[PDB]
Structure formats: structure tokens, C-alpha cells
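Below is one structure, written out as C-alpha cells; comments come after it.
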Amino acid sequence: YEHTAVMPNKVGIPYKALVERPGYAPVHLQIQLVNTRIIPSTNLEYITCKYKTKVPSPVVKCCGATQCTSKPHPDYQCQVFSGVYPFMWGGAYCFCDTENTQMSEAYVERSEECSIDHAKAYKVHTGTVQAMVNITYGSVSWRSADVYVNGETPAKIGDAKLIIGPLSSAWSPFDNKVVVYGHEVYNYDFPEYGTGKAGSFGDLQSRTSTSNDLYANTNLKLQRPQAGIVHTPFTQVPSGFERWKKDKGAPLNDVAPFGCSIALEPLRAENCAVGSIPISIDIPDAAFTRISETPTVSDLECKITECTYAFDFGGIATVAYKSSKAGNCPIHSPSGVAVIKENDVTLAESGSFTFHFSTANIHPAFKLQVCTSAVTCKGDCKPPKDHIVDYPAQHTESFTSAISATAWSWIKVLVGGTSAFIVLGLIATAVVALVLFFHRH
Amino acid sequence: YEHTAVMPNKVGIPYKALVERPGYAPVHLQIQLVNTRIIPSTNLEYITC
Amino acid sequence: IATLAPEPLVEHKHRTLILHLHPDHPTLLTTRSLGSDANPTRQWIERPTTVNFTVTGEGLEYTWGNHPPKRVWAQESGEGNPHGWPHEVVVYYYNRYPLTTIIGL
């Protein structure tokens, strides 16, 4: 039998519902979420790491000149310095005074630390949503399996078949372009593999972690050797990967709203709480019993002994029944004023039991069913002494839930007696026209 | 649980109260005084004989 | 292996969380709210200070140093009596609803 309703998108709290079938006793249905993962689609664009500029050995032409060719290398540089006359150990290097050549070639290559700490530049495309759902009904225990959040994939959980409907909102915490460094992600823009400002983020881009091709602009410039010694001096701006690692903002896992914990290896956004989830579960007829088998109850009167405004289950009430025979029947409340802690009851012949509930109202006028029979409960509640708790609310706060009976009588005369006084004022005009008409004829 | 009240300044008469924690049974509380000493601070000036 | 900061002294108020932080090293404190608006704050603490954060019913999550994050939710304790004279009925709803009592009156 198909049960169709709307479940709010929360993880900790369960969803309680009583399934009504004509000619059959109702059953208790519990749906509880464990995980809620939003998994977008990503393609890796490029990686970034600190560079390492390695220079080859320069040549020392004694009496002559040298030229260079445009070798294929990232950020390759060449120059020619004329008239160097270098000095080494054991006297001078060459004969020809005030005419000599030094090569001083340099180019840029990635570091050996690029395989350990590198930033992965991802482009985010919208994808699929999945969840893990705990299911029980009737008398069988809790058992769970992974489900898909769409409108086309039923999942076989238990003896029933469950279709978890799509999310009400398409909100995702990820941007179009993200950067993954270590175990945290960031919302950052890219130089898009073509550009690079040589000191901010894209001074060294490689397509994969072991790609042969490498883009690198770093403002590398050759400098003249001085006073006749053999070395190749260069000048370049510092790395952009180090400058990004200092001038960095907060990661997305410290920034994302709705309590979205972010994992890494499929790049999920776990346990967000936004929107609602429609449900459709088809419970088989093997868990349905008849009206003749279940007992009937009567003479139900309810008294609330203690209620509290606080979170968790701060209310406790005892009810009195008169059952036809012993057995088990579920209890459930349709209205959202009070949730119920437990599902079933061990009934007896003319006894009484207590149950625990949870409201967000001063005066709960909630109503619950026991053994497909009706009873109502009324009472009063007191504010709690706790200021801050470490657990979320089990109830749902409404708009009229904060109105006390003293203030409700105060606003029943400012809108009731005043608006009816204008009615008293308006009928005086309606009767003075009748008297003035009767003066004529 | 914190329970604040006002007791009188009588020595032999105990103060009986009933604390009320919600969701729990009330606990009886009895406070009694056995002494009451006011000790001023003194500095000796001189002796005489 | 990294240092662990001493735990803060936590005292509660009405929709207000107070932390007494006493660091011996420059320590990072990041807070965020679990509602629609995250409102993220971050600062480095080098001296013994005290900070107040407005915790609502949706919640608040704060991390201090290398400690795991903690989540706290504010209850509805209130500062008034809802039944009685209207000089104390109004002051009960002013603390609970300061945005509707001024407009509604």
C-alpha cells in the first residue's frame, strides 16, 4: 500500500507517521535519515606547486662570440655577455683580454615537492544527490540501504519499495571553480591555464601531476656576472603558491551555511539541512492485520502531569483506558504540536500507562490516537532554566505557539469589542434614517 | 541544581524547603544554624593596672 | 605533532555565549552559524581576552585551536512572566520577540 507524504530535510530527528488502510488496523511507519550527500561533477583542469629554476653550466668562449637558439623549455631565457675575463682557482681562465663570451642560460622546472603538496584546480558541474535511509514498520527491526534522490529510481528496502523524491531546493555550497589543497576546499577563480600574473596563483600550471608540458611565467631575467667570476645570476619574482599559502581566506568547510560538512574523496557536501523530501513507500499487505484481531478501546481520558518548554522530551502525561483485550497497538499524534517518544504500548485490561512528549507551546491542545480511537489532551507548560544546550530541537516551533492564555484574552477584546463597537455605531445611522423617514410619511 | 532562598536569622529554628527540578521528584532540604559569631577587628592601644 | 590550546571557560546567557580564552601561543578561533546566513568570523588570539557570540535557535559552531568543533543551540528560557499584569506580560514578549512587539503595539 502506497504512503505518500512530505518529510523535512533533517538528519537527527525521525519522521513518524501512521498509515491508514480501510478494513485494516493502522501500522507505525518510521523514516530516519543518516547521511545526505550532494555530489557534484568535477573535471581536473591543472595543478600548481612551487617552481625550481635550474641553470645549466655556462660556456666560456675565449676569443670569439656565441649565439643561442630558441630551445623548447618553459620560461626559457638566454643572453650573451661580452668581455668578462673570468678568474678561477689557479690563475686566470683565458688569454684574450676585454673580449670574451659567457652563456648564462636558465630555465624553470617544477620542484620535487610537487608530488606531495599541490593545489588541484577543479571545475564544478551539477550532479547527483544520494542519501542513506533507515526504515522500520510494524514489528520488524531497523535495517537500511543506500538510496538515490531523484524521481526515477526505486530502492528495495525491507519487503517494501521506497522512492525518495527530489530535493525542494537546488542549492549547492560549491562555486563553479574550486581549489582543493590538502583536505579543505576553497571558492577561488582561475587564470584558466593561459594567463598568469607570475606572483599570485598561476605562475606554474601543469595539466596533470606528471605532464610533460608545463606553463610557467615568473619574470625570470638574466644578470651580468661581475668582476670576473664564473656564476650565472638571475632575478625573478617569488612564487605565487607560497604567496597564496599566506594570503589565504577561510576554507569552505568553515564558511558554508546550513551546517554543510564537506568531505573530499568524492567531494561531497554532507549533512546539509535545507528544503524537504517527498516520500513514496509501498508497504506490503503481509504486515497488515484486521479490525477483528486488534482490540477496541473506550473511555479514554487524558491528564498532563508535567510539561516543559525545553528541548528533548520535557513533557510527561498519563492516560486512562478501558480495553477489550490485551495486546499491542501503536500511538500517534497527527498534529505538529507534540511529537511522541515511543511507538507501541503493552496494553492490559482496564489499566493506565504514561507517555513522554515534546511541545513548543505554553498550552498544548494536541491530540493522539490509541488503537484507532481518538482522545485529546490539554495542559500548561513552564519555561526552562537552561540557556544553551548541545542538542537540536525535537519539535517544530510555530507562529501561534508563543501566545499565552492571558495575552490571548487581551487581544480578543482589542479586536473583538472595538470592531463590534463600530457595528453599534453604524446601526445608529441605519435607525436614524428610519425615524427621519417616518417624520415625512 | 541551584536553589536560592532567604532564611531568617534564628539559631534553633531550622529552615525547611522543597526543591523542584522539572522531570524529577522533589527533594526535601533542611538548613539549620548552629552558631553566629560577629568578629570585629581590634588593635590594642594601652593597658593599665 | 602540534600543540593543544587550553580549553576555554564557557558560561551561558540568554542568546549569548561567553568564552574566556587564555592562550600561550597565537591561536585561531573561527565561528559560524548553522542557519541560512553563516556569518563567519575569524581572528588570531594572542592575549587573554573574552568574546561574546549571539547564539540563536538555529545554532552556532565554533572551533578553538586544534580542538574538534563544538555545536551549541540556544533554548527559549526567557526573562518574563507570560501570565499576570500587562506591565510584565509585555516585557516577557519584548525579550523573546523584540522585532514584532514594537511593530505590533
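A note on labels: chains of the C-alpha cells are A, B, ... as shown, every chain counts residues from 1, and ligands are counted from 1 in their shown order.
What chain A places within 9 Å of chain B, counting only C-alpha atoms, is residues 306, 307, 308, 314, 315, 316 and 384 of chain A.
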**Message:** So that I can check the surroundings of residue 186 (chain A), please list as number ranges by chain every protein, DNA and RNA residue that reaches within 10 Å of it, counting only C-alpha atoms and ignoring chain neighbours fewer than 3 positions away.
**Reply:** A: 121, 174-175, 177-181, 189, 248-255
**Message:** Residues within 9 Å of region 122-128 of chain A, please, as a PyMOL selection string. Count only C-alpha atoms; anything in the same chain fewer than 3 positions from it doesn't count.
**Reply:** chain A and resi 37-46+148-150+172+174-180
**Request:** For chain C, work out the contacting residues on chain A at 8 Å, counting only C-alpha atoms, and write them as a ChimeraX atom specification.
**Result:** /A:250,254-259,309-311,383-392,404-407
Produce a file of the selected residues containing N, CA and C atoms, as a PDB file, in the first residue's frame.
```
ATOM      1  N   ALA A 250      39.322  32.007   4.651  1.00  0.00           N
ATOM      2  CA  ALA A 250      38.779  30.840   5.329  1.00  0.00           C
ATOM      3  C   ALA A 250      38.337  29.797   4.304  1.00  0.00           C
ATOM      4  N   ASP A 254      34.562  25.962   6.719  1.00  0.00           N
ATOM      5  CA  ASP A 254      34.319  26.895   7.811  1.00  0.00           C
ATOM      6  C   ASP A 254      33.392  28.037   7.412  1.00  0.00           C
ATOM      7  N   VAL A 255      32.832  28.005   6.202  1.00  0.00           N
ATOM      8  CA  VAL A 255      32.137  29.159   5.642  1.00  0.00           C
ATOM      9  C   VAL A 255      30.735  28.755   5.186  1.00  0.00           C
ATOM     10  N   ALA A 256      30.565  27.475   4.837  1.00  0.00           N
ATOM     11  CA  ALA A 256      29.342  27.012   4.187  1.00  0.00           C
ATOM     12  C   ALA A 256      28.151  27.054   5.145  1.00  0.00           C
ATOM     13  N   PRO A 257      27.000  27.538   4.693  1.00  0.00           N
ATOM     14  CA  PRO A 257      25.821  27.629   5.558  1.00  0.00           C
ATOM     15  C   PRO A 257      25.129  26.276   5.684  1.00  0.00           C
ATOM     16  N   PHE A 258      24.058  26.268   6.488  1.00  0.00           N
ATOM     17  CA  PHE A 258      23.168  25.128   6.739  1.00  0.00           C
ATOM     18  C   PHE A 258      23.881  23.930   7.370  1.00  0.00           C
ATOM     19  N   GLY A 259      25.054  24.137   7.961  1.00  0.00           N
ATOM     20  CA  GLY A 259      25.809  23.055   8.572  1.00  0.00           C
ATOM     21  C   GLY A 259      26.319  22.011   7.601  1.00  0.00           C
ATOM     22  N   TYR A 309       8.759  23.715  28.389  1.00  0.00           N
ATOM     23  CA  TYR A 309       9.027  24.404  27.131  1.00  0.00           C
ATOM     24  C   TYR A 309      10.333  23.963  26.470  1.00  0.00           C
ATOM     25  N   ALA A 310      11.179  23.207  27.169  1.00  0.00           N
ATOM     26  CA  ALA A 310      12.549  22.963  26.740  1.00  0.00           C
ATOM     27  C   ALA A 310      12.607  22.003  25.554  1.00  0.00           C
ATOM     28  N   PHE A 311      13.832  21.767  25.084  1.00  0.00           N
ATOM     29  CA  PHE A 311      14.101  20.792  24.040  1.00  0.00           C
ATOM     30  C   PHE A 311      14.104  19.386  24.638  1.00  0.00           C
ATOM     31  N   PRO A 383       8.453  27.719  31.400  1.00  0.00           N
ATOM     32  CA  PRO A 383       9.737  27.930  30.732  1.00  0.00           C
ATOM     33  C   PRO A 383      10.856  27.206  31.456  1.00  0.00           C
ATOM     34  N   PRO A 384      11.907  26.800  30.746  1.00  0.00           N
ATOM     35  CA  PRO A 384      13.012  26.085  31.383  1.00  0.00           C
ATOM     36  C   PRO A 384      14.083  27.032  31.913  1.00  0.00           C
ATOM     37  N   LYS A 385      15.003  26.454  32.684  1.00  0.00           N
ATOM     38  CA  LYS A 385      16.108  27.206  33.262  1.00  0.00           C
ATOM     39  C   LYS A 385      17.385  27.127  32.437  1.00  0.00           C
ATOM     40  N   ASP A 386      17.484  26.168  31.518  1.00  0.00           N
ATOM     41  CA  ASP A 386      18.667  26.052  30.675  1.00  0.00           C
ATOM     42  C   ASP A 386      18.709  27.174  29.645  1.00  0.00           C
ATOM     43  N   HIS A 387      19.904  27.720  29.427  1.00  0.00           N
ATOM     44  CA  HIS A 387      20.111  28.799  28.469  1.00  0.00           C
ATOM     45  C   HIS A 387      20.649  28.314  27.133  1.00  0.00           C
ATOM     46  N   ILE A 388      21.597  27.379  27.146  1.00  0.00           N
ATOM     47  CA  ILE A 388      22.210  26.855  25.931  1.00  0.00           C
ATOM     48  C   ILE A 388      22.364  25.347  26.095  1.00  0.00           C
ATOM     49  N   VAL A 389      21.913  24.588  25.094  1.00  0.00           N
ATOM     50  CA  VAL A 389      22.012  23.136  25.108  1.00  0.00           C
ATOM     51  C   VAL A 389      22.845  22.688  23.914  1.00  0.00           C
ATOM     52  N   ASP A 390      23.285  21.432  23.965  1.00  0.00           N
ATOM     53  CA  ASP A 390      24.179  20.870  22.962  1.00  0.00           C
ATOM     54  C   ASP A 390      23.471  19.949  21.975  1.00  0.00           C
ATOM     55  N   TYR A 391      22.142  19.921  21.980  1.00  0.00           N
ATOM     56  CA  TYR A 391      21.380  19.065  21.086  1.00  0.00           C
ATOM     57  C   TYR A 391      20.296  19.877  20.391  1.00  0.00           C
ATOM     58  N   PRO A 392      19.951  19.533  19.151  1.00  0.00           N
ATOM     59  CA  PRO A 392      18.926  20.294  18.429  1.00  0.00           C
ATOM     60  C   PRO A 392      17.522  19.972  18.926  1.00  0.00           C
ATOM     61  N   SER A 404       0.219  33.017  25.106  1.00  0.00           N
ATOM     62  CA  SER A 404      -0.340  32.527  26.355  1.00  0.00           C
ATOM     63  C   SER A 404      -1.824  32.868  26.442  1.00  0.00           C
ATOM     64  N   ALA A 405      -2.508  32.220  27.389  1.00  0.00           N
ATOM     65  CA  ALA A 405      -3.949  32.414  27.532  1.00  0.00           C
ATOM     66  C   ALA A 405      -4.286  33.777  28.124  1.00  0.00           C
ATOM     67  N   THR A 406      -3.366  34.365  28.892  1.00  0.00           N
ATOM     68  CA  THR A 406      -3.582  35.712  29.413  1.00  0.00           C
ATOM     69  C   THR A 406      -3.514  36.744  28.293  1.00  0.00           C
ATOM     70  N   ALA A 407      -2.488  36.652  27.442  1.00  0.00           N
ATOM     71  CA  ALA A 407      -2.343  37.590  26.337  1.00  0.00           C
ATOM     72  C   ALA A 407      -3.326  37.319  25.205  1.00  0.00           C
TER      73      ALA A 407
END
```
**Item:** Who sits within 8 Å of residue 20 (chain C), only C-alpha atoms, same chain under 2 positions skipped, as a PyMOL selection string
**Value:** chain C and resi 8-10+18+22+48-51
**Which of region 5-47 of chain B fall in strand (DSSP E), as a list in words** = residues 15, 16, 17, 18, 19, 27, 28, 29, 30 and 31 of chain B
Expected file contents, prior selection, N, CA and C atoms, as an mmCIF file, in the first residue's frame:
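The resulting file, again-v2.cif, is reproduced below:
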```
data_model
loop_
_atom_site.group_PDB
_atom_site.id
_atom_site.type_symbol
_atom_site.label_atom_id
_atom_site.label_comp_id
_atom_site.auth_asym_id
_atom_site.auth_seq_id
_atom_site.Cartn_x
_atom_site.Cartn_y
_atom_site.Cartn_z
ATOM 1 N N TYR B 15 15.279 25.681 58.774
ATOM 2 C CA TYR B 15 14.604 26.155 57.574
ATOM 3 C C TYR B 15 14.356 24.970 56.651
ATOM 4 N N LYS B 16 13.086 24.681 56.390
ATOM 5 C CA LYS B 16 12.692 23.556 55.552
ATOM 6 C C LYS B 16 12.216 24.065 54.199
ATOM 7 N N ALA B 17 12.674 23.417 53.131
ATOM 8 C CA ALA B 17 12.319 23.823 51.780
ATOM 9 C C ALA B 17 12.212 22.588 50.899
ATOM 10 N N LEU B 18 11.514 22.749 49.777
ATOM 11 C CA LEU B 18 11.280 21.669 48.823
ATOM 12 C C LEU B 18 11.713 22.146 47.444
ATOM 13 N N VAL B 19 12.837 21.629 46.960
ATOM 14 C CA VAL B 19 13.326 21.987 45.634
ATOM 15 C C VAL B 19 12.516 21.244 44.580
ATOM 16 N N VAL B 27 12.981 17.008 46.256
ATOM 17 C CA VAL B 27 13.879 16.582 47.324
ATOM 18 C C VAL B 27 13.709 17.530 48.501
ATOM 19 N N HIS B 28 13.562 16.968 49.698
ATOM 20 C CA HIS B 28 13.459 17.775 50.903
ATOM 21 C C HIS B 28 14.822 18.344 51.277
ATOM 22 N N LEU B 29 14.821 19.584 51.762
ATOM 23 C CA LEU B 29 16.040 20.278 52.152
ATOM 24 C C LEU B 29 15.823 20.945 53.500
ATOM 25 N N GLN B 30 16.761 20.736 54.423
ATOM 26 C CA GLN B 30 16.670 21.302 55.764
ATOM 27 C C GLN B 30 17.999 21.948 56.120
ATOM 28 N N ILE B 31 17.974 23.256 56.370
ATOM 29 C CA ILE B 31 19.154 24.017 56.767
ATOM 30 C C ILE B 31 18.927 24.555 58.171
#
```
**Request:** Would you mind listing what lies within 8 Å of residue 67 (chain C) as a PyMOL selection string, with only C-alpha atoms counted and same-chain residues fewer than 3 positions away left out?
**Result:** chain C and resi 4-5+63-64
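With CA of residue 364 (chain A) on one side and CA of residue 378 (chain A) on the other, the separation reads 5.8 Å.
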**Message:** Give me the residues near region 399-403 of chain A as a list in words, where near means some atom within 7 Å (using only C-alpha atoms) and where sequence neighbours in that chain fewer than 3 positions away do not count.
**Reply:**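 Once the adjacent positions are removed, what remains is residues 360, 361, 362, 407 and 408 of chain A.
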File dump, residues just selected, N, CA and C atoms, as a PDB file, in the first residue's frame:
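Output below, filename out.pdb:
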```pdb
ATOM      1  N   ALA A 360       6.378  22.864  21.844  1.00  0.00           N
ATOM      2  CA  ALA A 360       6.936  24.208  21.854  1.00  0.00           C
ATOM      3  C   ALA A 360       5.845  25.237  22.131  1.00  0.00           C
ATOM      4  N   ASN A 361       4.812  24.828  22.862  1.00  0.00           N
ATOM      5  CA  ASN A 361       3.665  25.666  23.172  1.00  0.00           C
ATOM      6  C   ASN A 361       3.525  25.817  24.680  1.00  0.00           C
ATOM      7  N   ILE A 362       2.985  26.962  25.103  1.00  0.00           N
ATOM      8  CA  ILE A 362       2.622  27.133  26.507  1.00  0.00           C
ATOM      9  C   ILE A 362       1.436  26.239  26.853  1.00  0.00           C
ATOM     10  N   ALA A 407      -2.488  36.652  27.442  1.00  0.00           N
ATOM     11  CA  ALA A 407      -2.343  37.590  26.337  1.00  0.00           C
ATOM     12  C   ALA A 407      -3.326  37.319  25.205  1.00  0.00           C
ATOM     13  N   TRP A 408      -3.867  36.101  25.114  1.00  0.00           N
ATOM     14  CA  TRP A 408      -4.870  35.819  24.091  1.00  0.00           C
ATOM     15  C   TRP A 408      -6.205  36.467  24.430  1.00  0.00           C
TER      16      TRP A 408
END
```
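DSSP on the backbone gives alpha helix (DSSP H) for these parts of region 300-439 of chain A: residues 405, 406, 407, 408, 409, 410, 417, 418, 419, 420, 421, 422, 423, 424, 425, 426, 427, 428, 429, 430, 431, 432, 433, 434, 435, 436, 437, 438 and 439 of chain A.
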Saved selection, atoms kept: N, CA and C atoms, as a short mmCIF file (atom, residue, chain, number, x, y, z; two decimals), in the first residue's frame:
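Resulting contents of out.cif:
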```cif
data_model
loop_
_atom_site.label_atom_id
_atom_site.label_comp_id
_atom_site.auth_asym_id
_atom_site.auth_seq_id
_atom_site.Cartn_x
_atom_site.Cartn_y
_atom_site.Cartn_z
N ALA A 405 -2.51 32.22 27.39
CA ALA A 405 -3.95 32.41 27.53
C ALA A 405 -4.29 33.78 28.12
N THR A 406 -3.37 34.36 28.89
CA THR A 406 -3.58 35.71 29.41
C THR A 406 -3.51 36.74 28.29
N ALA A 407 -2.49 36.65 27.44
CA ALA A 407 -2.34 37.59 26.34
C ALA A 407 -3.33 37.32 25.21
N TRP A 408 -3.87 36.10 25.11
CA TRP A 408 -4.87 35.82 24.09
C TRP A 408 -6.21 36.47 24.43
N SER A 409 -6.52 36.58 25.72
CA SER A 409 -7.73 37.30 26.12
C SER A 409 -7.55 38.81 25.99
N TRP A 410 -6.30 39.29 26.08
CA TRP A 410 -6.04 40.72 25.90
C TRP A 410 -6.24 41.14 24.45
N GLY A 417 -14.15 43.67 20.79
CA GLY A 417 -15.05 44.68 21.33
C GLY A 417 -14.99 45.99 20.54
N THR A 418 -13.82 46.34 20.01
CA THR A 418 -13.69 47.58 19.25
C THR A 418 -14.37 47.47 17.89
N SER A 419 -14.17 46.36 17.19
CA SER A 419 -14.76 46.19 15.86
C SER A 419 -16.27 45.99 15.93
N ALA A 420 -16.78 45.46 17.04
CA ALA A 420 -18.22 45.38 17.23
C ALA A 420 -18.81 46.68 17.74
N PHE A 421 -17.98 47.59 18.25
CA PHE A 421 -18.46 48.91 18.65
C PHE A 421 -18.76 49.78 17.44
N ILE A 422 -17.99 49.63 16.36
CA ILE A 422 -18.29 50.30 15.10
C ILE A 422 -19.59 49.78 14.52
N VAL A 423 -19.87 48.48 14.70
CA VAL A 423 -21.15 47.91 14.29
C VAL A 423 -22.30 48.54 15.09
N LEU A 424 -22.08 48.77 16.38
CA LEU A 424 -23.04 49.52 17.19
C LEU A 424 -23.15 50.97 16.72
N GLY A 425 -22.03 51.57 16.32
CA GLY A 425 -22.08 52.93 15.79
C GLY A 425 -22.71 53.02 14.42
N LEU A 426 -22.56 51.98 13.59
CA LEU A 426 -23.10 52.02 12.24
C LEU A 426 -24.61 51.81 12.20
N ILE A 427 -25.16 51.00 13.12
CA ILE A 427 -26.60 50.77 13.11
C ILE A 427 -27.37 51.95 13.69
N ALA A 428 -26.70 52.88 14.38
CA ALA A 428 -27.36 54.10 14.82
C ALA A 428 -27.70 54.99 13.63
N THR A 429 -26.85 54.99 12.60
CA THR A 429 -27.17 55.68 11.36
C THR A 429 -28.28 54.95 10.60
N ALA A 430 -28.31 53.62 10.69
CA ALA A 430 -29.32 52.84 9.99
C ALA A 430 -30.70 53.01 10.59
N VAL A 431 -30.79 53.37 11.88
CA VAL A 431 -32.09 53.58 12.51
C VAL A 431 -32.50 55.05 12.55
N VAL A 432 -31.55 55.99 12.42
CA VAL A 432 -31.93 57.40 12.39
C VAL A 432 -32.49 57.78 11.03
N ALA A 433 -32.18 57.01 9.98
CA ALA A 433 -32.80 57.23 8.68
C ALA A 433 -34.24 56.74 8.66
N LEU A 434 -34.57 55.74 9.48
CA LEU A 434 -35.93 55.24 9.55
C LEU A 434 -36.84 56.17 10.35
N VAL A 435 -36.30 56.79 11.40
CA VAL A 435 -37.08 57.75 12.19
C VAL A 435 -37.33 59.03 11.39
N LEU A 436 -36.30 59.50 10.68
CA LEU A 436 -36.46 60.72 9.88
C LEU A 436 -37.35 60.50 8.67
N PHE A 437 -37.39 59.27 8.14
CA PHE A 437 -38.33 58.97 7.07
C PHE A 437 -39.76 58.93 7.59
N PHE A 438 -39.95 58.46 8.83
CA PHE A 438 -41.28 58.39 9.42
C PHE A 438 -41.80 59.77 9.82
N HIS A 439 -40.93 60.77 9.93
CA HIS A 439 -41.39 62.14 10.12
C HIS A 439 -42.12 62.66 8.90
#
```
